[PDB]
Amino acid sequence: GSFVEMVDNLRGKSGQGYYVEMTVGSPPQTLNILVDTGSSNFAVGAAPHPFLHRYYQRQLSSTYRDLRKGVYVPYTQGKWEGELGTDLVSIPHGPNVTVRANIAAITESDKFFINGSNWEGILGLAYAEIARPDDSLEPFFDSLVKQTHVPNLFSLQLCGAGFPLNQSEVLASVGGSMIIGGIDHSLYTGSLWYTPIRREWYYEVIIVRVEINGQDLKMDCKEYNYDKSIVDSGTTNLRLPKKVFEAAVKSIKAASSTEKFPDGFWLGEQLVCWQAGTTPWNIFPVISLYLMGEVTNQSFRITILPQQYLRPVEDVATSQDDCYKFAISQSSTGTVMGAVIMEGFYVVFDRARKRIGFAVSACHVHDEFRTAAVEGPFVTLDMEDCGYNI
Ligand SMILES: CCCN(CCC)C(=O)c1cc(C)cc(C(=O)N[C@@H](Cc2cc(F)cc(F)c2)[C@H](O)[C@@H]2NCCN(Cc3ccccc3)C2=O)c1
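Read in order, the letters of the sequence shown correspond to residues 58 to 447 in the authors' numbering.
Put into structure tokens, the structure is as follows:
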């Protein structure tokens, strides 16, 4: 690992998001910021909110610049309205650089901030094409690269604990690493495999094959990417296109049929619990996602375990049972490879080479019999046809 200053700079959990500490303004104002590869705006709470114990105070920053422009961002989950400006931004546990970046000062929000998440803002790491108001508002990472010598690349190691973290534990626990400008080898085992970034807007990728315990889900691969497939740290679940979700659930139910689970479980709404330590991991199937490789007619696969797609949750009775929620859900906006999927891997966002790399995470949760995996190569034909076109 050559980036020790950035290793272990993340806190949080899949259910409430992973955040990195940042400073805004002069003198610096410290804020915890949600790492979101699924959006492109840098925005921070800038007015009192019931879920915020701190916020950006523009009148206290000598370097604050008002853009005299409003901004609105509607996410899948919630939304916020704010005021645009720029100011000096740093990442304490990151590259030792200070950059002037666009900042949306959040003045109004609905279902955006999360009670107890400990974060007060969001760092949209995707491309300008999806930035609000429009693509002229330069994203933070673009500013970082244009203004410094930092390589146009970042990597994420999201670490799920494999068990419930209470309010105090999640504040003291290391949730992962965001390596800005590089790849730290201590964060993964084995080889890194790269899939093409199809288009620079979201971190869009193409899934060419899906397996549940080695069994081909056998759908037209275009279904897997309808209307797109993205890598998104800002979403908890693996979200799948309606038809793929239905087929995936049917297959996961069949593989786990030795035990019956209530419909509420499969809807990702109700928890299932087992006596401490008795979770029957082995009855649940591994899920393999084949991704287009960088070599013509070649793919590789990432394999996740139920330790990734079953999300640890505290029993409504706080008992000693090990409880979980099914972290795979239905999408109407394409595949979303959320945090529970990213927790199994070290993910490299190689903007410079327009590719996303995957390697087995040194912190993924597993058992003595199975491990997450990244394997290749596989002969795969007509992968370009798996991509969706409106
Ligand atoms: C329940 C609270 C949020 N959580 C738990 C903690 C992560 C989720 O798992 C979750 C679930 C859904 C169904 C949607 C989003 C969601 O909208 N995520 C977006 C970011 C986000 C994180 C939050 F913690 C709260 C929010 F309100 C929003 C992300 O950019 C997502 N990524 C894919 C594209 N879009 C839409 C979009 C399109 C263009 C530009 C910007 C955003 C998105 O919103 C997040």
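All C-beta atoms, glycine included, are put in the ideal place defined by N, C-alpha and C.
Determine the DSSP secondary structure at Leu210, reduced to helix, strand or coil. If you number the sequence shown from 1, residue 210 lands on position 153. In this structure, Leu210 counts as coil in the three-state DSSP scheme.
Given that a residue counts as buried once 16 or more other Cβ atoms are within 10 Å of its Cβ, and exposed if not, what is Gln86? Here residue 86 refers to the residue found at position 29 of the sequence shown. So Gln86 counts as buried.
Using a 10 Å radius around the Cβ and a threshold of 16 neighbouring Cβ atoms, would you call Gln224 buried or exposed? In the sequence shown, the residue the question calls residue 224 occupies position 167. Exposed.
DSSP three-state assignment for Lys136, whether helix, strand or coil: The count along the sequence shown starts at 1 and reaches residue 136 at position 79. For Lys136, the three-state secondary structure derived from DSSP is strand.
Are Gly401 and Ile361 close, meaning C-beta to C-beta below 8 Å? Translated into positions along the sequence shown, residue 401 becomes position 344. Translated into positions along the sequence shown, residue 361 becomes position 304. Taking 8 Å as the Cβ cut-off, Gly401 and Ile361 qualify as a contacting pair.
From which residue to which residue does the beta strand (DSSP E) around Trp338 run? Taking the sequence shown and counting its residues from 1, the one referred to as residue 338 is at position 281. Careful: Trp338 lies outside any beta strand (DSSP E) and carries neither H nor E.
Roughly how far, in whole angstroms, is the beta-carbon of residue 48 from the beta-carbon of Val77, given that I think they are within contact range, below 8 Å? With the chain running from 58 to 447 in the structure shown, residue 48 is simply not present.
Measure the C-alpha to C-alpha separation of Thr246 and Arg115 and round it to an integer number of angstroms. What you label residue 246 is simply residue 189 of the sequence shown in a count that begins at 1. What you label residue 115 is simply residue 58 of the sequence shown in a count that begins at 1. C-alpha separation (whole angstroms): 44 Å.
So the candidates are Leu215, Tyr129, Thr392, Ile187; which of them puts its Cα closest to the Cα of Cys278? By 1-based counting over the sequence shown, the position of residue 278 is 221. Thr392 is the residue among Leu215, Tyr129, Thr392, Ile187 whose C-alpha sits nearest the C-alpha of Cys278.
Touch check for the segment 316-336 and the segment 378-396: three-plus C-beta pairs under 8 Å? Of all C-beta pairs linking the segment 316-336 to the segment 378-396, three or more are shorter than 8 Å, placing the two stretches in contact.
Under 7 Å from any heavy atom of ligand 1, does the C-beta of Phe169 make it? Along the sequence shown, one-based indexing puts residue 169 at 112. Yes, the beta carbon of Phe169 sits closer than 7 Å to at least one heavy atom of ligand 1.
Decide if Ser418 is buried, meaning its Cβ has at least 16 other Cβ atoms within 10 Å, or exposed. As a working note, residue 418 is residue 361 in the sequence shown. Per the 10 Å Cβ criterion, buried.
Straight-line CA distance for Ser230 to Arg68? For the purposes of this step, residue 230 is taken as the residue at position 173 of the sequence shown. For the purposes of this step, residue 68 is taken as the residue at position 11 of the sequence shown. Roughly 7 Å between the two C-alpha positions.
Three-way DSSP call (helix, strand, coil) for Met399 in this model: Here the question's residue 399 lines up with position 342 in the sequence shown. Correct three-state label for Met399: helix.
Reduced DSSP secondary structure (H/G/I, E/B, other) of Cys330: Numbered from 1 along the sequence shown, position 273 holds the residue referred to as residue 330. Here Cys330 sits in strand by DSSP.
Straight-line gap, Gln73 to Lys168 (C-alpha atoms, nearest Å): Position 16 of the sequence shown, counted from the first residue, corresponds to residue 73. Position 111 of the sequence shown, counted from the first residue, corresponds to residue 168. As the crow flies, the alpha-carbon of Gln73 is around 13 Å from that of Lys168.
Residues bridged to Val92 by DSSP? Residue 92 sits at position 35 when you count from the first residue of the sequence shown. Beta bridge pairing from DSSP links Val92 with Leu180.
State the DSSP-derived secondary structure class of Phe197, mapped to helix, strand or coil. As a working mapping, residue 197 is identified with position 140 in the sequence shown. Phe197: helix per DSSP, three-state reduction.
Just the C-alpha distance for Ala183 and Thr293, rounded to the nearest angstrom, thanks. In the sequence shown, counting from the first residue as 1, residue 183 sits at position 126. In the sequence shown, counting from the first residue as 1, residue 293 sits at position 236. Looking at the two C-alpha atoms, the distance is approximately 17 Å.
Cβ-based neighbour list, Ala162, same chain, cut-off 7 Å, excluding 5 preceding and 5 following: As a working mapping, residue 162 is identified with position 105 in the sequence shown. For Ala162, where only same-chain residues beyond five positions count, the Cβ hits under 7 Å are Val101, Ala103, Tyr113, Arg115, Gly139, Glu140, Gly142.
Grab me the residues of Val431's own chain with a C-beta within less than 8 Å of its C-beta, minus the 5 sequence neighbours each way, in chain order. Along the sequence shown, one-based indexing puts residue 431 at 374. Its chain contains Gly247, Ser248, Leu249, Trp250, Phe357, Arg358, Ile359, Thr360, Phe402, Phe415, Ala416, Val417 as the residues whose beta carbon lies nearer than 8 Å to that of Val431, once the 5 sequence neighbours on both sides are disregarded; these appear in chain order.
Spatial neighbours of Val306 in its chain, beta-carbon cut-off 6 Å, leaving aside the 5 residues before and after: To locate residue 306, count along the sequence shown from 1; it is residue 249. Taking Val306 as the centre and dropping the five residues before and after it, the same chain places the C-beta of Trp323 closer than 6 Å to its C-beta, in chain order.
Could you give the residue range of the beta strand (DSSP E) that holds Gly414? Mapped onto the sequence shown, residue 414 falls at position 357. DSSP places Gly414 in the uninterrupted beta strand (DSSP E) bounded by 412-418.
Quick one: residues in its chain with C-beta nearer than 7 Å to the C-beta of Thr336, no 5 flanking neighbours on either side, listed in chain order? Indexing the sequence shown from 1 puts residue 336 at position 279. Only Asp379 meet the Cβ criterion.
Please name the residue, chosen from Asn282, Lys310, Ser290, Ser308, that lies closest to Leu297 on a Cα-to-Cα basis. The residue labelled residue 297 in the question sits at position 240 within the sequence shown. Closest option to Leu297, judged by alpha-carbon separation, among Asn282, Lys310, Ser290, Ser308: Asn282.
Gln134: CB within 7 Å of a non-hydrogen atom of ligand 1: On the sequence shown, position 77 is the one that residue 134 refers to. Within the cutoff, so yes.
Can you tell me whether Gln365 is buried or exposed? The criterion is at least 16 other CB atoms within 10 Å of its CB, across all chains shown. Indexing the sequence shown from 1 puts residue 365 at position 308. So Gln365 ends up on the buried side.
Unbroken stretches of the beta strand (DSSP E), 3 residues or longer, contained in the segment 351-392: DSSP assignment within the segment 351-392 yields the following whole beta strand (DSSP E) runs of 3 residues or more, N-terminal first: 355-361, 367-370, 379-383, 385-388.
When DSSP labels each residue in this structure, what does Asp407 get in the three-state scheme? Indexing the sequence shown from 1 puts residue 407 at position 350. For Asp407, the secondary structure class from DSSP, reduced to helix, strand or coil, is strand.
Are the CB atoms of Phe170 and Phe99 within a distance shorter than 8 Å? Residue numbering aside, residue 99 sits at position 42 when the sequence shown is read from its first letter. Residue numbering aside, residue 170 sits at position 113 when the sequence shown is read from its first letter. In terms of Cβ geometry, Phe99 and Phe170 do not form a close pair [threshold 8 Å].
Here's the rule: buried if 16 or more other CB atoms are within 10 angstroms of the residue's CB, otherwise exposed. What is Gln134? Within the sequence shown, the letter at position 77 stands for residue 134. Per the 10 Å Cβ criterion, exposed.
Any non-hydrogen atom of ligand 1 within 7 Å of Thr336 CB: For the purposes of this step, residue 336 is identified with residue 279 of the sequence shown, where counting begins at 1. For ligand 1, not one heavy atom lies less than 7 Å from the Cβ of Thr336.
What residue does the beta strand (DSSP E) around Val64 start on, and which one ends it? Mapped onto the sequence shown, residue 64 falls at position 7. No beta strand (DSSP E) holds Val64; DSSP gives it neither H nor E.
Using a Cβ-based criterion (distance less than 7 Å to any ligand heavy atom), does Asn270 qualify as near ligand 1? Within the sequence shown, residue 270 is the residue found at index 213, counting from 1. If you check the C-beta of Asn270 against ligand 1, you find no heavy atom less than 7 Å away.
Going by beta-carbon coordinates alone, are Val422 and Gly219 separated by less than 8 Å? Translated into the one-based positions of the sequence shown, residue 422 becomes position 365. Translated into the one-based positions of the sequence shown, residue 219 becomes position 162. Yes; because the gap between Cβ atoms is below 8 Å, this pair is in contact.
Tell me which residue opens and which closes the alpha helix (DSSP H) that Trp323 is part of. Sequence index remark: in the sequence shown, residue 323 carries index 266 (1-based). From DSSP, the alpha helix (DSSP H) with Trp323 extends over 320-323.
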